[PDB]
Every structure is written in structure tokens, then in C-alpha cells.
file query29.tsv (TSV, N, CA and C atoms)
chain	number	residue	atom	x	y	z
A	1	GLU	N	-2.74	-12.76	-15.60
A	1	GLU	CA	-2.78	-12.13	-14.25
A	1	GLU	C	-1.53	-12.51	-13.47
A	2	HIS	N	-1.11	-11.68	-12.55
A	2	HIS	CA	0.11	-12.00	-11.76
A	2	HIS	C	-0.01	-11.36	-10.37
A	3	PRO	N	0.68	-11.91	-9.40
A	3	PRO	CA	0.66	-11.39	-8.01
A	3	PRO	C	1.36	-10.03	-7.88
A	4	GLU	N	0.81	-9.13	-7.11
A	4	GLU	CA	1.44	-7.79	-6.95
A	4	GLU	C	2.55	-7.86	-5.90
A	5	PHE	N	2.24	-8.36	-4.73
A	5	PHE	CA	3.28	-8.45	-3.67
A	5	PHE	C	4.58	-8.97	-4.27
A	6	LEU	N	4.49	-9.89	-5.19
A	6	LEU	CA	5.72	-10.44	-5.82
A	6	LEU	C	6.18	-9.51	-6.94
A	7	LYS	N	5.29	-8.71	-7.46
A	7	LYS	CA	5.67	-7.78	-8.55
A	7	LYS	C	6.68	-6.76	-8.02
A	8	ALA	N	6.46	-6.27	-6.83
A	8	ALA	CA	7.41	-5.27	-6.25
A	8	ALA	C	8.84	-5.75	-6.48
A	9	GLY	N	9.74	-4.84	-6.76
A	9	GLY	CA	11.15	-5.25	-6.99
A	9	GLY	C	11.41	-5.41	-8.49
A	10	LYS	N	10.91	-4.51	-9.28
A	10	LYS	CA	11.12	-4.61	-10.75
A	10	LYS	C	11.89	-3.38	-11.25
A	11	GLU	N	12.27	-2.51	-10.35
A	11	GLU	CA	13.02	-1.29	-10.76
A	11	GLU	C	13.53	-0.56	-9.51
A	12	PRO	N	14.72	-0.03	-9.57
A	12	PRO	CA	15.32	0.71	-8.41
A	12	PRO	C	14.67	2.08	-8.20
A	13	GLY	N	15.10	2.81	-7.20
A	13	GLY	CA	14.50	4.15	-6.95
A	13	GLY	C	13.49	4.07	-5.81
A	14	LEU	N	12.35	4.67	-5.97
A	14	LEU	CA	11.32	4.63	-4.88
A	14	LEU	C	9.94	4.32	-5.48
A	15	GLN	N	9.23	3.40	-4.89
A	15	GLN	CA	7.87	3.04	-5.41
A	15	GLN	C	6.84	3.20	-4.29
A	16	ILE	N	5.64	3.61	-4.61
A	16	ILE	CA	4.60	3.79	-3.56
A	16	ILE	C	3.35	2.99	-3.91
A	17	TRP	N	2.76	2.34	-2.94
A	17	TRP	CA	1.53	1.55	-3.20
A	17	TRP	C	0.61	1.63	-1.97
A	18	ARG	N	-0.67	1.59	-2.17
A	18	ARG	CA	-1.61	1.67	-1.01
A	18	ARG	C	-2.24	0.29	-0.77
A	19	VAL	N	-2.22	-0.18	0.46
A	19	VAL	CA	-2.81	-1.51	0.75
A	19	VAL	C	-4.33	-1.36	0.91
A	20	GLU	N	-5.07	-2.34	0.46
A	20	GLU	CA	-6.55	-2.26	0.58
A	20	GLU	C	-7.12	-3.68	0.74
A	21	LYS	N	-7.38	-4.09	1.95
A	21	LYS	CA	-7.93	-5.45	2.17
A	21	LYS	C	-7.06	-6.48	1.43
A	22	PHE	N	-5.78	-6.27	1.40
A	22	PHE	CA	-4.88	-7.23	0.70
A	22	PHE	C	-5.12	-7.15	-0.81
A	23	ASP	N	-5.18	-5.96	-1.34
A	23	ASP	CA	-5.41	-5.81	-2.81
A	23	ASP	C	-4.32	-4.92	-3.41
A	24	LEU	N	-3.68	-4.12	-2.59
A	24	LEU	CA	-2.61	-3.23	-3.11
A	24	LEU	C	-3.17	-2.35	-4.23
A	25	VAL	N	-3.08	-1.05	-4.08
A	25	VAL	CA	-3.60	-0.14	-5.14
A	25	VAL	C	-2.64	1.04	-5.31
A	26	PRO	N	-1.92	1.08	-6.41
A	26	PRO	CA	-0.96	2.18	-6.69
A	26	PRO	C	-1.57	3.57	-6.43
A	27	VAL	N	-1.01	4.30	-5.50
A	27	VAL	CA	-1.56	5.65	-5.20
A	27	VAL	C	-1.50	6.52	-6.46
A	28	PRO	N	-2.57	7.22	-6.77
A	28	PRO	CA	-2.63	8.10	-7.97
A	28	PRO	C	-1.33	8.88	-8.19
A	29	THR	N	-0.68	8.65	-9.30
A	29	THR	CA	0.59	9.38	-9.58
A	29	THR	C	0.29	10.86	-9.80
A	30	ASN	N	-0.90	11.17	-10.23
A	30	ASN	CA	-1.26	12.60	-10.47
A	30	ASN	C	-0.96	13.42	-9.21
A	31	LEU	N	-1.44	12.97	-8.08
A	31	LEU	CA	-1.19	13.72	-6.82
A	31	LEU	C	0.22	13.42	-6.33
A	32	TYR	N	0.54	12.16	-6.17
A	32	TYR	CA	1.90	11.79	-5.69
A	32	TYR	C	2.18	12.51	-4.37
A	33	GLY	N	1.91	11.87	-3.27
A	33	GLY	CA	2.16	12.51	-1.94
A	33	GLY	C	0.87	12.53	-1.13
A	34	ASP	N	-0.26	12.54	-1.79
A	34	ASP	CA	-1.55	12.57	-1.05
A	34	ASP	C	-1.68	11.29	-0.22
A	35	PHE	N	-2.20	11.39	0.97
A	35	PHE	CA	-2.34	10.18	1.83
A	35	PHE	C	-3.61	10.27	2.66
A	36	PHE	N	-4.33	9.19	2.78
A	36	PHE	CA	-5.58	9.20	3.59
A	36	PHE	C	-5.27	8.67	4.99
A	37	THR	N	-5.35	9.51	5.98
A	37	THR	CA	-5.05	9.05	7.36
A	37	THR	C	-6.14	8.09	7.83
A	38	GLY	N	-5.98	6.84	7.54
A	38	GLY	CA	-7.00	5.83	7.96
A	38	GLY	C	-6.57	4.46	7.46
A	39	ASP	N	-5.88	4.42	6.35
A	39	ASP	CA	-5.42	3.11	5.80
A	39	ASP	C	-3.92	2.99	6.01
A	40	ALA	N	-3.25	2.24	5.18
A	40	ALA	CA	-1.77	2.09	5.34
A	40	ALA	C	-1.11	2.13	3.96
A	41	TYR	N	0.03	2.78	3.86
A	41	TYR	CA	0.73	2.85	2.55
A	41	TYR	C	2.07	2.13	2.64
A	42	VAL	N	2.52	1.54	1.57
A	42	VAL	CA	3.82	0.81	1.60
A	42	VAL	C	4.76	1.42	0.56
A	43	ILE	N	5.99	1.67	0.93
A	43	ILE	CA	6.95	2.27	-0.04
A	43	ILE	C	8.28	1.52	0.03
A	44	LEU	N	8.94	1.40	-1.09
A	44	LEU	CA	10.26	0.70	-1.11
A	44	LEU	C	11.32	1.66	-1.66
A	45	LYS	N	12.55	1.54	-1.24
A	45	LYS	CA	13.60	2.47	-1.76
A	45	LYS	C	14.89	1.72	-2.08
A	46	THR	N	15.06	1.32	-3.31
A	46	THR	CA	16.30	0.60	-3.72
A	46	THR	C	17.40	1.63	-3.98
A	47	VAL	N	18.36	1.72	-3.11
A	47	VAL	CA	19.46	2.69	-3.30
A	47	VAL	C	20.60	2.02	-4.06
A	48	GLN	N	21.51	2.79	-4.58
A	48	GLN	CA	22.66	2.20	-5.33
A	48	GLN	C	23.96	2.52	-4.60
A	49	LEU	N	24.65	1.52	-4.13
A	49	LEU	CA	25.93	1.78	-3.41
A	49	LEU	C	26.98	2.30	-4.39
A	50	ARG	N	27.84	1.45	-4.87
A	50	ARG	CA	28.89	1.92	-5.83
A	50	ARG	C	28.32	1.93	-7.25
A	51	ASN	N	27.95	0.79	-7.75
A	51	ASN	CA	27.39	0.72	-9.12
A	51	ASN	C	26.89	-0.70	-9.39
A	52	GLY	N	26.55	-1.42	-8.36
A	52	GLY	CA	26.06	-2.81	-8.56
A	52	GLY	C	25.19	-3.23	-7.37
A	53	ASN	N	25.70	-3.10	-6.17
A	53	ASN	CA	24.90	-3.50	-4.98
A	53	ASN	C	23.68	-2.59	-4.86
A	54	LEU	N	22.62	-3.07	-4.27
A	54	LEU	CA	21.40	-2.24	-4.12
A	54	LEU	C	20.76	-2.51	-2.76
A	55	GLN	N	20.09	-1.53	-2.19
A	55	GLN	CA	19.46	-1.75	-0.86
A	55	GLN	C	18.01	-1.24	-0.87
A	56	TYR	N	17.06	-2.12	-0.69
A	56	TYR	CA	15.63	-1.69	-0.68
A	56	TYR	C	15.29	-1.20	0.73
A	57	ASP	N	14.66	-0.06	0.84
A	57	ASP	CA	14.29	0.46	2.19
A	57	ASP	C	12.78	0.35	2.37
A	58	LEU	N	12.34	-0.19	3.47
A	58	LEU	CA	10.87	-0.33	3.70
A	58	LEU	C	10.35	0.88	4.46
A	59	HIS	N	9.25	1.43	4.04
A	59	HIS	CA	8.68	2.61	4.74
A	59	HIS	C	7.16	2.57	4.66
A	60	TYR	N	6.50	2.29	5.75
A	60	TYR	CA	5.01	2.24	5.72
A	60	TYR	C	4.45	3.50	6.38
A	61	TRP	N	3.58	4.20	5.71
A	61	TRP	CA	3.01	5.44	6.31
A	61	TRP	C	1.67	5.13	6.97
A	62	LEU	N	1.55	5.46	8.23
A	62	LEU	CA	0.27	5.21	8.96
A	62	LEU	C	-0.24	6.54	9.51
A	63	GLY	N	-1.28	7.08	8.93
A	63	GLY	CA	-1.81	8.39	9.42
A	63	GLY	C	-2.26	8.24	10.88
A	64	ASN	N	-1.89	7.17	11.51
A	64	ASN	CA	-2.29	6.97	12.94
A	64	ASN	C	-3.81	6.84	13.04
A	65	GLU	N	-4.50	6.89	11.93
A	65	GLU	CA	-5.99	6.76	11.97
A	65	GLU	C	-6.38	5.38	11.43
A	66	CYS	N	-5.42	4.52	11.23
A	66	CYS	CA	-5.73	3.16	10.71
A	66	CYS	C	-5.63	2.14	11.84
A	67	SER	N	-6.55	1.21	11.90
A	67	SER	CA	-6.50	0.18	12.97
A	67	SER	C	-5.15	-0.54	12.93
A	68	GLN	N	-4.79	-1.19	14.00
A	68	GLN	CA	-3.48	-1.91	14.03
A	68	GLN	C	-3.60	-3.20	13.21
A	69	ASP	N	-4.79	-3.73	13.09
A	69	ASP	CA	-4.97	-4.99	12.30
A	69	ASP	C	-4.49	-4.77	10.86
A	70	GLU	N	-4.80	-3.63	10.29
A	70	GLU	CA	-4.36	-3.36	8.90
A	70	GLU	C	-2.96	-2.75	8.91
A	71	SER	N	-2.67	-1.96	9.90
A	71	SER	CA	-1.32	-1.33	9.99
A	71	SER	C	-0.25	-2.42	10.04
A	72	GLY	N	-0.33	-3.28	11.01
A	72	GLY	CA	0.68	-4.37	11.12
A	72	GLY	C	0.65	-5.22	9.86
A	73	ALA	N	-0.52	-5.51	9.35
A	73	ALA	CA	-0.61	-6.34	8.12
A	73	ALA	C	0.35	-5.79	7.06
A	74	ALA	N	0.33	-4.50	6.84
A	74	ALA	CA	1.24	-3.91	5.82
A	74	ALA	C	2.69	-4.10	6.27
A	75	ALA	N	2.99	-3.75	7.48
A	75	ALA	CA	4.39	-3.92	7.98
A	75	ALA	C	4.76	-5.40	7.91
A	76	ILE	N	3.79	-6.27	7.93
A	76	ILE	CA	4.08	-7.73	7.87
A	76	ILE	C	4.32	-8.14	6.41
A	77	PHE	N	3.36	-7.91	5.56
A	77	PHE	CA	3.53	-8.29	4.13
A	77	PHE	C	4.72	-7.52	3.55
A	78	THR	N	4.86	-6.28	3.93
A	78	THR	CA	5.99	-5.46	3.40
A	78	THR	C	7.31	-5.99	3.96
A	79	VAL	N	7.34	-6.34	5.22
A	79	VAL	CA	8.61	-6.84	5.82
A	79	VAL	C	8.91	-8.25	5.29
A	80	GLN	N	7.99	-9.16	5.44
A	80	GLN	CA	8.24	-10.55	4.96
A	80	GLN	C	8.68	-10.53	3.50
A	81	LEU	N	7.87	-10.00	2.63
A	81	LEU	CA	8.27	-9.97	1.19
A	81	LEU	C	9.65	-9.31	1.08
A	82	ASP	N	9.90	-8.26	1.81
A	82	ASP	CA	11.23	-7.62	1.72
A	82	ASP	C	12.29	-8.71	1.82
A	83	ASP	N	12.17	-9.57	2.79
A	83	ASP	CA	13.16	-10.67	2.91
A	83	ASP	C	13.09	-11.49	1.63
A	84	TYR	N	11.92	-11.57	1.04
A	84	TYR	CA	11.77	-12.32	-0.23
A	84	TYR	C	12.39	-11.50	-1.36
A	85	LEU	N	12.48	-10.21	-1.18
A	85	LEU	CA	13.08	-9.35	-2.24
A	85	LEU	C	14.60	-9.36	-2.12
A	86	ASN	N	15.12	-9.02	-0.97
A	86	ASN	CA	16.60	-9.00	-0.79
A	86	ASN	C	17.01	-9.94	0.35
A	87	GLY	N	16.28	-9.91	1.43
A	87	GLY	CA	16.63	-10.79	2.58
A	87	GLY	C	16.68	-9.94	3.85
A	88	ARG	N	17.09	-8.70	3.73
A	88	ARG	CA	17.16	-7.80	4.92
A	88	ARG	C	16.40	-6.51	4.62
A	89	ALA	N	17.05	-5.57	3.99
A	89	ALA	CA	16.37	-4.28	3.66
A	89	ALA	C	16.33	-3.39	4.90
A	90	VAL	N	15.79	-2.21	4.78
A	90	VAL	CA	15.70	-1.28	5.95
A	90	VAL	C	14.25	-1.21	6.43
A	91	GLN	N	14.05	-0.98	7.70
A	91	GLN	CA	12.66	-0.91	8.24
A	91	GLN	C	12.36	0.51	8.73
A	92	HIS	N	11.33	1.13	8.22
A	92	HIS	CA	10.98	2.51	8.67
A	92	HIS	C	9.48	2.59	8.95
A	93	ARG	N	9.10	2.94	10.15
A	93	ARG	CA	7.66	3.04	10.49
A	93	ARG	C	7.29	4.50	10.76
A	94	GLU	N	6.38	5.04	9.99
A	94	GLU	CA	5.97	6.46	10.21
A	94	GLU	C	4.55	6.50	10.77
A	95	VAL	N	4.42	6.56	12.07
A	95	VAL	CA	3.06	6.60	12.69
A	95	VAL	C	2.54	8.04	12.69
A	96	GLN	N	2.82	8.78	11.65
A	96	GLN	CA	2.34	10.19	11.59
A	96	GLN	C	2.72	10.92	12.89
A	97	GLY	N	3.79	11.66	12.88
A	97	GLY	CA	4.19	12.39	14.11
A	97	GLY	C	5.71	12.34	14.26
A	98	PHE	N	6.28	11.17	14.27
A	98	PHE	CA	7.76	11.05	14.42
A	98	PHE	C	8.32	10.24	13.25
A	99	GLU	N	8.23	10.76	12.06
A	99	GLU	CA	8.76	10.02	10.88
A	99	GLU	C	10.29	9.98	10.94
A	100	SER	N	10.92	9.42	9.94
A	100	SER	CA	12.41	9.35	9.94
A	100	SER	C	12.97	10.50	9.10
A	101	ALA	N	14.27	10.63	9.06
A	101	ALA	CA	14.88	11.73	8.26
A	101	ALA	C	14.83	11.37	6.78
A	102	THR	N	15.14	10.15	6.45
A	102	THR	CA	15.11	9.73	5.02
A	102	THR	C	13.68	9.85	4.49
A	103	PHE	N	12.72	9.53	5.30
A	103	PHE	CA	11.30	9.63	4.85
A	103	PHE	C	10.92	11.10	4.65
A	104	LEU	N	11.21	11.93	5.61
A	104	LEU	CA	10.86	13.37	5.47
A	104	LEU	C	11.72	14.00	4.37
A	105	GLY	N	12.80	13.36	4.02
A	105	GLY	CA	13.67	13.92	2.94
A	105	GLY	C	13.08	13.58	1.57
A	106	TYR	N	12.65	12.36	1.39
A	106	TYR	CA	12.07	11.97	0.08
A	106	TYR	C	10.63	12.50	-0.03
A	107	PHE	N	9.99	12.71	1.09
A	107	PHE	CA	8.59	13.22	1.06
A	107	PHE	C	8.53	14.60	1.72
A	108	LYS	N	9.11	15.59	1.10
A	108	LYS	CA	9.09	16.96	1.69
A	108	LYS	C	7.63	17.42	1.83
A	109	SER	N	6.92	17.47	0.74
A	109	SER	CA	5.50	17.91	0.79
A	109	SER	C	4.59	16.69	0.63
A	110	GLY	N	5.14	15.52	0.68
A	110	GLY	CA	4.31	14.29	0.53
A	110	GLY	C	3.54	14.04	1.82
A	111	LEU	N	2.78	15.00	2.26
A	111	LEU	CA	1.99	14.82	3.50
A	111	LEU	C	0.66	15.55	3.37
A	112	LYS	N	-0.33	14.85	2.91
A	112	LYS	CA	-1.68	15.47	2.75
A	112	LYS	C	-2.71	14.61	3.49
A	113	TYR	N	-3.24	15.11	4.57
A	113	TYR	CA	-4.24	14.32	5.34
A	113	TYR	C	-5.62	14.45	4.69
A	114	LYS	N	-6.09	13.41	4.06
A	114	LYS	CA	-7.43	13.47	3.41
A	114	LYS	C	-8.30	12.33	3.94
A	115	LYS	N	-9.29	12.65	4.74
A	115	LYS	CA	-10.17	11.58	5.30
A	115	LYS	C	-11.00	10.96	4.17
A	116	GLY	N	-10.87	9.68	3.96
A	116	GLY	CA	-11.65	9.02	2.88
A	116	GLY	C	-10.99	7.68	2.52
A	117	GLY	N	-11.11	7.27	1.28
A	117	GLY	CA	-10.49	5.98	0.87
A	117	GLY	C	-10.54	5.86	-0.66
A	118	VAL	N	-10.91	4.71	-1.16
A	118	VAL	CA	-10.98	4.52	-2.64
A	118	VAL	C	-12.39	4.07	-3.02
A	119	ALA	N	-12.77	2.90	-2.60
A	119	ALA	CA	-14.13	2.39	-2.94
A	119	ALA	C	-15.18	3.09	-2.08
A	120	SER	N	-14.81	3.49	-0.89
A	120	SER	CA	-15.78	4.18	0.00
A	120	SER	C	-15.78	5.67	-0.30
A	121	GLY	N	-15.07	6.05	-1.32
A	121	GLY	CA	-15.00	7.49	-1.70
A	121	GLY	C	-16.30	7.90	-2.39
A	122	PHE	N	-17.03	6.95	-2.91
A	122	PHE	CA	-18.31	7.29	-3.59
A	122	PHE	C	-19.38	7.61	-2.55
A	123	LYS	N	-19.36	6.92	-1.44
A	123	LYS	CA	-20.37	7.18	-0.38
A	123	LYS	C	-19.89	8.31	0.52
A	124	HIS	N	-18.61	8.57	0.52
A	124	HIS	CA	-18.07	9.67	1.38
A	124	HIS	C	-18.34	9.33	2.85
A	125	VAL	N	-17.83	8.22	3.32
A	125	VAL	CA	-18.06	7.84	4.74
A	125	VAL	C	-16.81	7.16	5.29
A	126	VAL	N	-16.53	7.34	6.56
A	126	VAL	CA	-15.32	6.69	7.16
A	126	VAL	C	-15.75	5.79	8.31
A	127	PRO	N	-16.19	4.60	8.00
A	127	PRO	CA	-16.64	3.61	9.03
A	127	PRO	C	-15.60	3.43	10.14
A	128	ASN	N	-16.01	3.60	11.37
A	128	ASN	CA	-15.05	3.43	12.50
A	128	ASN	C	-15.02	1.97	12.93
A	129	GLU	N	-14.05	1.59	13.73
A	129	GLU	CA	-13.97	0.18	14.19
A	129	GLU	C	-15.29	-0.22	14.86
A	130	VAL	N	-16.08	0.75	15.25
A	130	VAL	CA	-17.38	0.42	15.91
A	130	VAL	C	-18.16	-0.57	15.05
A	131	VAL	N	-17.91	-0.58	13.76
A	131	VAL	CA	-18.64	-1.53	12.87
A	131	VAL	C	-18.63	-2.92	13.50
A	132	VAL	N	-17.52	-3.34	14.02
A	132	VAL	CA	-17.45	-4.70	14.65
A	132	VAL	C	-18.27	-4.70	15.94
A	133	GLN	N	-18.37	-3.57	16.59
A	133	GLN	CA	-19.16	-3.51	17.86
A	133	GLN	C	-18.69	-4.62	18.80
call {"tool": "encode", "arguments": {"input": "query29.tsv", "output": "C-alpha cells"}}
result
Amino acid sequence: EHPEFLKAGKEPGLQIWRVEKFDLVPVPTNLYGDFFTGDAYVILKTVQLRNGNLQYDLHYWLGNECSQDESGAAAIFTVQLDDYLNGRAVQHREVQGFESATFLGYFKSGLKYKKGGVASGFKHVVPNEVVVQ
């Protein structure tokens, strides 16, 4: 067994992963682009300058339907580890509505609002923060 947060950074290009109670779950490659507006997604983008230097770009997608407790958590684990990956990296926050140009460029049709989740997909229910009451 091995840690995932530390696994990130094993290949250049762009990688996508979905956070789940601190479990990280690779978004189904079959769909590639589907997103549930309620949780938080983390993406990295290692670009190639001339032919040796590389730059990882951080991009967390928030359908604006996810609580801030989990939203920031992703921006935190994604940002902190980023420093653990390169030390700086780029920071991009997409709160569904005003994304960045690089994000809308790599995700042209990567925008599918699907209310649901992964483990709660069997019951088909979207518990609201009211649960804490």
C-alpha cells in the first residue's frame, strides 16, 4: 500500500482526481470531464518549458455546491503537497462561474453538472449541511 497525495507527481501532462473524505478517487476515465457539483476535484498540470524544466499547475474545480470545509481542504492538501512536489506551482480556483483561461482551454467540454457522488450514488441522495443541524 502507498499514500496517494504523495503519489501525485509521477508523470507530466494533466492528471485529475476527486477528493472524498481524504480518500482521493480517480474520476472515471470513461467519462473524463464529468463533475458532481457538490464535492471538490483536484487537477495538476506539469508543463514543459524548453526540454527539461517543468511546471505543475494546481486547479481545483468546485461546483459551488460543496461546503467550504471540503473545498478549502482540497485547496489546502493540493497547495501544500504542491510545495512538496515542486515548491511553488500555479494556483487556479474554479468556483464554477469564473474559471480561468487555461482551465477552460484544457476542459472545453469538461463541464457536466451531475448531482450525486460515489458511495452515496447507490442511495441516490444529496445530504445537505443540515445534517449537522
call {"tool": "atom_distance", "arguments": {"input": "query29.tsv", "atom1": "CA of residue 74 in chain A", "atom2": "CA of residue 53 in chain A"}}
result
26.0 Å
call {"tool": "atom_distance", "arguments": {"input": "query29.tsv", "atom1": "atom C of residue 38 in chain A", "atom2": "atom N of residue 59 in chain A"}}
result
16.5 Å
call {"tool": "residues_around", "arguments": {"input": "query29.tsv", "residues": "range 18-35 of chain A", "least_positions_apart": "5", "cutoff": "5 Å", "atoms": "only N, CA and C atoms", "output": "mmCIF file with N, CA and C atoms, keeping the file's coordinate frame"}}
result
data_model
loop_
_atom_site.group_PDB
_atom_site.id
_atom_site.type_symbol
_atom_site.label_atom_id
_atom_site.label_comp_id
_atom_site.auth_asym_id
_atom_site.auth_seq_id
_atom_site.Cartn_x
_atom_site.Cartn_y
_atom_site.Cartn_z
ATOM 1 N N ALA A 40 -3.250 2.240 5.180
ATOM 2 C CA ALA A 40 -1.770 2.090 5.340
ATOM 3 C C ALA A 40 -1.110 2.130 3.960
ATOM 4 N N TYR A 41 0.030 2.780 3.860
ATOM 5 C CA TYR A 41 0.730 2.850 2.550
ATOM 6 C C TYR A 41 2.070 2.130 2.640
ATOM 7 N N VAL A 42 2.520 1.540 1.570
ATOM 8 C CA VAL A 42 3.820 0.810 1.600
ATOM 9 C C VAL A 42 4.760 1.420 0.560
ATOM 10 N N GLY A 110 5.140 15.520 0.680
ATOM 11 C CA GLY A 110 4.310 14.290 0.530
ATOM 12 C C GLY A 110 3.540 14.040 1.820
ATOM 13 N N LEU A 111 2.780 15.000 2.260
ATOM 14 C CA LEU A 111 1.990 14.820 3.500
ATOM 15 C C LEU A 111 0.660 15.550 3.370
ATOM 16 N N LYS A 112 -0.330 14.850 2.910
ATOM 17 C CA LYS A 112 -1.680 15.470 2.750
ATOM 18 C C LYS A 112 -2.710 14.610 3.490
ATOM 19 N N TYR A 113 -3.240 15.110 4.570
ATOM 20 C CA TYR A 113 -4.240 14.320 5.340
ATOM 21 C C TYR A 113 -5.620 14.450 4.690
ATOM 22 N N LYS A 114 -6.090 13.410 4.060
ATOM 23 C CA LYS A 114 -7.430 13.470 3.410
ATOM 24 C C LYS A 114 -8.300 12.330 3.940
#
call {"tool": "residues_around", "arguments": {"input": "query29.tsv", "residues": "range 43-45 of chain A", "least_positions_apart": "5", "cutoff": "6.5 Å", "atoms": "all atoms listed in the file", "output": "ChimeraX atom specification"}}
result
/A:12-17,55-61
call {"tool": "write_last_selection", "arguments": {"input": "query29.tsv", "atoms": "N, CA and C atoms", "output": "PDB file, in the coordinates of the input"}}
result
ATOM      1  N   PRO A  12      14.720  -0.030  -9.570  1.00  0.00           N
ATOM      2  CA  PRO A  12      15.320   0.710  -8.410  1.00  0.00           C
ATOM      3  C   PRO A  12      14.670   2.080  -8.200  1.00  0.00           C
ATOM      4  N   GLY A  13      15.100   2.810  -7.200  1.00  0.00           N
ATOM      5  CA  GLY A  13      14.500   4.150  -6.950  1.00  0.00           C
ATOM      6  C   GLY A  13      13.490   4.070  -5.810  1.00  0.00           C
ATOM      7  N   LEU A  14      12.350   4.670  -5.970  1.00  0.00           N
ATOM      8  CA  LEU A  14      11.320   4.630  -4.880  1.00  0.00           C
ATOM      9  C   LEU A  14       9.940   4.320  -5.480  1.00  0.00           C
ATOM     10  N   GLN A  15       9.230   3.400  -4.890  1.00  0.00           N
ATOM     11  CA  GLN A  15       7.870   3.040  -5.410  1.00  0.00           C
ATOM     12  C   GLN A  15       6.840   3.200  -4.290  1.00  0.00           C
ATOM     13  N   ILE A  16       5.640   3.610  -4.610  1.00  0.00           N
ATOM     14  CA  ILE A  16       4.600   3.790  -3.560  1.00  0.00           C
ATOM     15  C   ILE A  16       3.350   2.990  -3.910  1.00  0.00           C
ATOM     16  N   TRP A  17       2.760   2.340  -2.940  1.00  0.00           N
ATOM     17  CA  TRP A  17       1.530   1.550  -3.200  1.00  0.00           C
ATOM     18  C   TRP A  17       0.610   1.630  -1.970  1.00  0.00           C
ATOM     19  N   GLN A  55      20.090  -1.530  -2.190  1.00  0.00           N
ATOM     20  CA  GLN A  55      19.460  -1.750  -0.860  1.00  0.00           C
ATOM     21  C   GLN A  55      18.010  -1.240  -0.870  1.00  0.00           C
ATOM     22  N   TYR A  56      17.060  -2.120  -0.690  1.00  0.00           N
ATOM     23  CA  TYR A  56      15.630  -1.690  -0.680  1.00  0.00           C
ATOM     24  C   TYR A  56      15.290  -1.200   0.730  1.00  0.00           C
ATOM     25  N   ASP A  57      14.660  -0.060   0.840  1.00  0.00           N
ATOM     26  CA  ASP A  57      14.290   0.460   2.190  1.00  0.00           C
ATOM     27  C   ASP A  57      12.780   0.350   2.370  1.00  0.00           C
ATOM     28  N   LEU A  58      12.340  -0.190   3.470  1.00  0.00           N
ATOM     29  CA  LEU A  58      10.870  -0.330   3.700  1.00  0.00           C
ATOM     30  C   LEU A  58      10.350   0.880   4.460  1.00  0.00           C
ATOM     31  N   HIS A  59       9.250   1.430   4.040  1.00  0.00           N
ATOM     32  CA  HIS A  59       8.680   2.610   4.740  1.00  0.00           C
ATOM     33  C   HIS A  59       7.160   2.570   4.660  1.00  0.00           C
ATOM     34  N   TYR A  60       6.500   2.290   5.750  1.00  0.00           N
ATOM     35  CA  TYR A  60       5.010   2.240   5.720  1.00  0.00           C
ATOM     36  C   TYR A  60       4.450   3.500   6.380  1.00  0.00           C
ATOM     37  N   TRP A  61       3.580   4.200   5.710  1.00  0.00           N
ATOM     38  CA  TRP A  61       3.010   5.440   6.310  1.00  0.00           C
ATOM     39  C   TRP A  61       1.670   5.130   6.970  1.00  0.00           C
TER      40      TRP A  61
END
call {"tool": "atom_distance", "arguments": {"input": "query29.tsv", "atom1": "atom N of residue 65 in chain A", "atom2": "CA of residue 93 in chain A"}}
result
12.8 Å
call {"tool": "closest_residue", "arguments": {"input": "query29.tsv", "among": "A:96, A:120, A:133, A:109", "to": "residue 62 in chain A", "atoms": "only C-alpha atoms"}}
result
A:96
call {"tool": "decode", "arguments": {"input": "query29.tsv", "residues": "range 62-71 of chain A", "atoms": "N, CA, C and O atoms", "output": "CSV table (one decimal), in the first residue's frame"}}
result
chain,number,residue,atom,x,y,z
A,62,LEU,N,-14.7,23.5,-8.1
A,62,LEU,CA,-15.7,23.5,-7.1
A,62,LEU,C,-17.1,23.8,-7.7
A,62,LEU,O,-17.3,25.0,-8.1
A,63,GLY,N,-18.0,22.9,-7.9
A,63,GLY,CA,-19.3,23.2,-8.5
A,63,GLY,C,-20.0,24.2,-7.6
A,63,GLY,O,-21.2,24.5,-7.8
A,64,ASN,N,-19.3,24.9,-6.7
A,64,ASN,CA,-20.0,25.9,-5.9
A,64,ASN,C,-21.1,25.2,-5.0
A,64,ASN,O,-21.8,25.9,-4.2
A,65,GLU,N,-21.2,23.9,-5.1
A,65,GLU,CA,-22.3,23.2,-4.3
A,65,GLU,C,-21.6,22.4,-3.2
A,65,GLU,O,-22.2,21.6,-2.5
A,66,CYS,N,-20.3,22.6,-3.0
A,66,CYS,CA,-19.6,21.9,-2.0
A,66,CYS,C,-19.3,22.8,-0.8
A,66,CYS,O,-18.9,23.9,-1.0
A,67,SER,N,-19.4,22.3,0.4
A,67,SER,CA,-19.2,23.2,1.6
A,67,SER,C,-17.7,23.7,1.5
A,67,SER,O,-16.9,23.2,0.8
A,68,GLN,N,-17.5,24.7,2.3
A,68,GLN,CA,-16.1,25.3,2.3
A,68,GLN,C,-15.1,24.4,3.1
A,68,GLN,O,-14.0,24.4,2.8
A,69,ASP,N,-15.7,23.7,4.0
A,69,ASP,CA,-14.8,22.8,4.8
A,69,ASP,C,-14.1,21.8,3.9
A,69,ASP,O,-12.9,21.5,4.1
A,70,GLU,N,-14.8,21.3,2.9
A,70,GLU,CA,-14.1,20.3,2.0
A,70,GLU,C,-13.5,21.0,0.8
A,70,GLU,O,-12.4,20.6,0.3
A,71,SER,N,-14.1,22.1,0.4
A,71,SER,CA,-13.5,22.9,-0.7
A,71,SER,C,-12.1,23.4,-0.3
A,71,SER,O,-11.1,23.1,-1.0
